[PDB]
Amino acid sequence: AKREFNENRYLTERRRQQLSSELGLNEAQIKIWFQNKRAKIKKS
């Protein structure tokens, strides 16, 4: 059962399409936006 997970899919493509329309930004910003969220990772 335990082996691998959704390598950016479960919420990636799902939230990417919704985030675009929700935020009104282009996927081009999404790449950086998503990549930036994974880089820094929260604030704590």
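This deposited entry lists solution NMR as its structure determination method.

Naming follows the PDB entry, where the protein appears as Segmentation polarity homeobox protein engrailed of Drosophila melanogaster.

Considering the overall build of the protein
Looking only at helices and strands, the protein features 2 helices and 0 strands. Expressed along its principal axes, the backbone C-alpha trace of the protein runs to roughly 40 × 25 × 15 Å. Considering the protein as a whole, with its 44 residues, one finds that 11% of them fall into the buried category. For the protein, the exposed area adds up to about 4600 Å²; of that, 46% sits on carbon and sulfur atoms.

Here we look at the side chain of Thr12
In this fold, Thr12 is placed in helix α1 (residues 12-23). Reaching out from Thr12, the side chain makes a polar contact with the backbone nitrogen of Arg9 at a distance of 3.2 Å.

Some words on the layout of surface pockets
Approximately 390 Å³ is the volume found for the largest pocket. Lining the largest pocket are 15 residues, with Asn8, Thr12, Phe34, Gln35 and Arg38 sitting closest to its centre. Those elements that provide at least two residues to the lining of the largest pocket are α1 and α2 (27-40). Here the element with the most residues in the lining of the largest pocket is α2; it accounts for 7 residues. In the lining of the largest pocket, the residues fall into 5 nonpolar, 4 polar and 6 charged.

The rules behind these values
Residues numbered from 1 in each chain as written, not as in the entry; some residues may be left out. Heavy atoms only, no water. Helix = DSSP H or I, 4+ residues; strand = E, 2+ residues; numbered from the N terminus. Buried < 20%, exposed > 50% of the residue type's maximum accessible area, 1.4 Å probe, protein only. Areas by Shrake-Rupley, 256 points an atom, 1.4 Å probe, with all protein chains shown as cover. Polar contact = N/O pair within 3.5 Å; in protein donor to acceptor, adjacent residues only side chain to side chain. 1 Å grid on protein atoms, 1.4 Å probe; cavity = no way out; pocket = protein on both sides within 12 Å on 5 of 7 lines; lining within 4 Å. Points joined across faces, edges and corners; volume = space filled by probe spheres on them. Nonpolar A, V, L, I, M, F, W, Y, C, P; charged D, E, K, R; others polar.

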